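Have a look at the structure below, then the notes.
Rule-based calculations on the coordinates, nothing more; no lab input. Note that each Cβ is placed from the backbone with ideal geometry, even for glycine, and that neighbours are counted across all protein chains shown.
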Number of protein chains: 2
Amino acid sequence: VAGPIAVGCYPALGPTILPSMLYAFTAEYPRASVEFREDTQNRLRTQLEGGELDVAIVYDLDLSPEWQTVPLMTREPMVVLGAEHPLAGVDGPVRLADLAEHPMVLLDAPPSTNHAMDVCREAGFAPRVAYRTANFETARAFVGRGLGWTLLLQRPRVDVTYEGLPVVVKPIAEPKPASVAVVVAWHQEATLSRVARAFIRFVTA
Amino acid sequence: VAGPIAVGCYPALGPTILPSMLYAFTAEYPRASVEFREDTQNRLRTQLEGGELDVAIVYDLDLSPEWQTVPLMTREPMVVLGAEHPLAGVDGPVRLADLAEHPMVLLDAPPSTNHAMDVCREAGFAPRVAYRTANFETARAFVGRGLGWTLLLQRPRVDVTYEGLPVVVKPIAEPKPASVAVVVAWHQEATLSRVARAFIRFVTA
């Protein structure tokens, strides 16, 4: 197992899923050579369907029916709150309806944006978006500071921001939202190289 | 003071500098409203020139002379290593020259990208870039996992990545790299509003 493989992913997946994956794969296969690209939903799609990427690590959301997928993991959406948020202190899951009138910090990084918007709609409201960011950490930092609440698909292991403030992570109820999977994907009509076949098999074992 | 202000910044400044600034400002002036936008280098300049932004929080690197600036803080570039890194035992500062042959994780987020190539260039080398990302946490997470070394202009308060791994931050010497100012900026020819002026005075107080 040797050769070039080009791997893309969403920015939100880069610091959460990718480091351990790339480190472990590359250690297992010293002669493999990985080109790593992070890009937006539309750009990765263009690249992956163009032959620029072998494989892409994406949320299993708004995905072309022509892409093959294999689950890597799956995670419920969570609410994240500042320590002194009115709702940070109550035990159990939060009814998302109870945040309808608290200012939201929207992570607008498609496909996360419409997923958040749909989850709020199933809880029966349109959020007051006080601040918008495409940056995962900016959303977390704004929240830990007390600028609003947010909905996130992934959970950094330590509940603290770049500023050194805590964040409080809550499950969601009424309804309990669907689990969102992260997936390795490729186009149906791609011929997987050996290094690519080896990558998909390793990172999912 | 009351009314809208549009504040832009570079994404890496969004979670580190901006959260407390926006919190403190909106706390002093409950009737001001901030329109917050993170944007890449040309796009922020382009928005500021056209009046879409009142002010920008930026690194003072490669800025137009048309912009008035006031320094908020200054920071030395630093090397960031994973805990198992060959040079992580190095007591005291690293000479960057000592990492010339180790793989680098490059934060490609102008103006950081040219700054970083500029500081290696000055230590005598062109780095071997194993991985490139415009995402700050992706750079820290990759380095914490062992995928290479980086250099960064800012330092999150807790030396831990999203995977819960530590990062080891070291000063650079021989030569010591140039410090970089973070500034509040606005265009020379703008007619500043009362709220924009209040913002500038408030963050430079």
> In degrees, nearest 10, range 0 to 90: what is the angle between the Cα axis of helix B:112-123 and the longest Cα principal axis of chain B?
Replying inline: 40
> Under 5 Å between amide H atoms, partner at least 5 residues away or on a different chain: which partners does B:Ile5 have, H built in plane at 1.01 Å?
Replying inline: B:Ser33, B:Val34, B:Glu35
> What is the dipole size for segment A:75-180, taken about its Cα centre, with +1 at each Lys and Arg Cβ and -1 at each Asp and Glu Cβ, in debye to the nearest 20?
Replying inline: 160
> Where does each of A:123-134, B:7-18 land if you order them by average Cβ count within 10 Å, highest first?
Replying inline: B:7-18, A:123-134
> Roughly how many whole Å is it from the C-alpha centroid of segment A:136-205 to that of segment B:1-56?
Replying inline: 27
> Pairing the Cα long axis of helix A:41-50 with the longest principal axis of chain A, what angle in degrees results, from 0 to 90 and rounded to the nearest 10?
Replying inline: 10
> What are the residues whose amide H is under 5 Å from the amide H of B:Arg75, where those residues sit 5 or more places off or on another chain and H is modelled from the backbone?
Replying inline: B:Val180, B:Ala181, B:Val182
> Using a label position 7 Å from Cα in the Cα→Cβ direction, what is the ascending list of nm distances from A:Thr113 to the same site in the other copies?
Replying inline: 2.3
> So what's the angle, to the nearest 10 degrees on a 0 to 90 scale, between helix B:136-145 and the longest Cα principal axis of chain B?
Replying inline: 20
> Average partner chain C-beta neighbours within 10 Å, per residue of A:158-164?
Replying inline: 6
>> Rounded to the nearest 5, what % of DSSP beta bridges with both residues in segment A:75-180 are antiparallel?
In response: 60
>> Just to be sure I understand the model, the point goes 7 Å from the Cα along the line to the Cβ. What's the resulting B:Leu87 to B:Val129 distance in nm?
In response: 1.8
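Rounded, prolate or oblate for the protein assembly as shown? Axes are the square roots of the Cα gyration tensor eigenvalues, ordered a ≥ b ≥ c, and the cut-off for rounded is a/c under 1.5. Write out the running numbers ahead of the final one.
Values: a/c = 1.71, a/b = 1.11, b/c = 1.54.
Oblate.
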> Using helices alone, what [θ] at 222 nm do you get for the protein assembly as shown, with -39,500 (n - 2.57) per DSSP H run of 4 or more residues, divided over all residues and rounded to the nearest 500?
Replying inline: -7500 deg cm²/dmol
>> With the crude spin-label approximation of a point 7 Å out along Cα→Cβ, what separation in nm comes out for B:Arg95 versus B:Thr74?
In response: 2.5
> Looking at B:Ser112, B:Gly8, B:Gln47, which one has the Cα that reaches farthest to the positive end of the dipole of chain B (charges on Cβ: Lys, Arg +1; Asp, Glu -1)?
Replying inline: B:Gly8
> How big is the charge dipole of chain B about its Cα centre, in debye rounded to the nearest 20, if each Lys and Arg gets +1 on its Cβ and each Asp and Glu gets -1 on its Cβ?
Replying inline: 320
> Chain B: which residue's Cβ hugs the B-to-A rotation axis most tightly, distance rounded to whole Å?
Replying inline: B:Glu137, 3
>> Taking the Cα centre as origin and putting +1 on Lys and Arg beta-carbons and -1 on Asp and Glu beta-carbons, what dipole magnitude results for the protein assembly as shown, to the nearest 20 debye?
In response: 420
>> With the crude spin-label approximation of a point 7 Å out along Cα→Cβ, what separation in nm comes out for B:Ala205 versus B:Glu189?
In response: 3.3
